[PDB]
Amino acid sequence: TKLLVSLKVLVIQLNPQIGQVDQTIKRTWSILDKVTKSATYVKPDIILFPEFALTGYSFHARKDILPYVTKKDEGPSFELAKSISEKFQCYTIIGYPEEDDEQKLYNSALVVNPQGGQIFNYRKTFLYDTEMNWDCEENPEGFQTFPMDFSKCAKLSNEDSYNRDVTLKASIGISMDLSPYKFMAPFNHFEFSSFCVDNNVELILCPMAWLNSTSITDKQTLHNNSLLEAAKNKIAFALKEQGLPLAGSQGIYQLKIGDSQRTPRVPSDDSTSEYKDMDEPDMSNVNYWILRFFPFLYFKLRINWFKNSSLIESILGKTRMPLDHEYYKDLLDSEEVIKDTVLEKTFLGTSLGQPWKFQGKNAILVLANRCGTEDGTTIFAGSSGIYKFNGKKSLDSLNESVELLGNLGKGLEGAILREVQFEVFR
């Protein structure tokens, strides 16, 4: 049986600065208030916030992030998501700094149902250089999936309305999860992308604090005060020329609610990474974000790979997580049988029994990336948007195996709403 699902996704893009939690709370209610007053407004089934959407991101010490850490079921972040879910009758996913009863710190993103009850708490699996500053911890469970009960969102292929309930097998990824492990692992791996394809993920939620390539990331520059001074002056002029403060744009909201304005497919080049046109998305990152989801993208060479039986040594040898990951604290030789899970495993989008496993299926990707600037050196690309993988039969936005349902600006706070329509198999 094949169910048709119609979901109403709402993504919030904020510019949270460290020490302005309450002010970010106020601006958030200001955005949601404007969203409901939209001409083409509809009640969202799921609302997604960026990574650390209320506290800020660039923390340099554990002592600094301590005043903002909360339990998974306590604090401003949890209270906000609970109020939103109860006020909109939807799921709320927001990134927050977490701390357990063992005094351990995490980069987490909590989830609340329409009833106002926390149904899931996810920890960041792959850590970024910034998490190392405040002694963050890798997700001991690694990549995870969870079910989401949506009411009146599905229907049969011959019905005239969505009066049926559907339990989607969701999955959350936090920025660095999309990148190669520690920026050192092979690019061809695609950890998080493979994990979602392997476990047949249908809805992908990605809270992010992704950077713009114009940011200062060079290590020898960040630790050379002479070079760092001249490097920060460049960032200062970049924002001053745009008529923006060093912290970034706040208060001025970009609202794309209800409209069906799709994002233009543009290839990567020079000036696609330039921090200009704050109402326009960052196609350099959008193309990169799509590339990181290669297993969901159509690729012609998969036929030759499956035929020549390539990657099978990669599929079998493929482990769940990196061996040196916190997750851990030959079938060809053995006489043990091949389990279903092994046949579900994939590499580069190819499986042991099929050239393109995702082929024929659909999946919804929701990226909620923050905007603004921090430390006068870190610029976030923003460009929050929603994507659809049709799985129908090009390693960027030019590939028509993915649908760009809409994106936000690279440097403006706002919220985008889209009525995503895909299909599922039960």
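Position 1 is the first residue in the sequence shown; the rest follow in order.
Enter the number of deposited residues without atomic coordinates between residue 329 and residue 330, binned as none, 1 to 3, 4 to 9, or 10 or more. Per the record, 4 to 9 deposited residues are absent between residue 329 and residue 330.
How big is the unmodelled gap, if any, between residue 393 and residue 394 relative to the deposited sequence? Choose none, 1 to 3, 4 to 9, or 10 or more. Count of unmodelled residues in between: 10 or more.
Could you check which stretch, 252 to 260 or 152 to 160, carries the larger mean CA temperature factor in the entry? Higher mean C-alpha B-factor: 152 to 160.
Regarding 50 to 58 and 35 to 43, which shows the higher C-alpha temperature factor on average in the entry? Of 35 to 43 and 50 to 58, the stretch with the higher C-alpha B-factor average is 35 to 43.
Going by the CA temperature factor in the entry, name the top one among 112, 247, 208, 211. The listed residue with the largest C-alpha B-factor is 112.
For the listed 215, 175, 89, 285, which has the peak Cα B-factor recorded in the PDB entry? In the PDB entry, the greatest C-alpha B-factor among 215, 175, 89, 285 is found at 89.
Once the chain's modelled residues are ordered by C-alpha B factor and cut into thirds, is residue 314 in the lowest, middle or highest one? For residue 314, the deposited C-alpha B-factor lands in the highest third.
Please place residue 100 in the lowest, middle or highest third of its chain by C-alpha B factor as given in the entry. Ranked within chain, residue 100 CA B lands in the highest tercile.
Divide the modelled residues of the chain into thirds by Cα B-factor and specify which third, lowest, middle or highest, holds residue 239. It belongs to the middle third of the chain when residues are ordered by C-alpha B-factor.
Please rank the C-alpha B-factors of the chain's modelled residues and tell me whether residue 191 sits in the lowest, middle or highest third. Residue 191: CA B-factor falls in the lowest third of its chain.
When the modelled residues of the chain are sorted by Cα temperature factor, does residue 294 land in the lowest, middle or highest third? CA B-factor rank for residue 294: lowest third.
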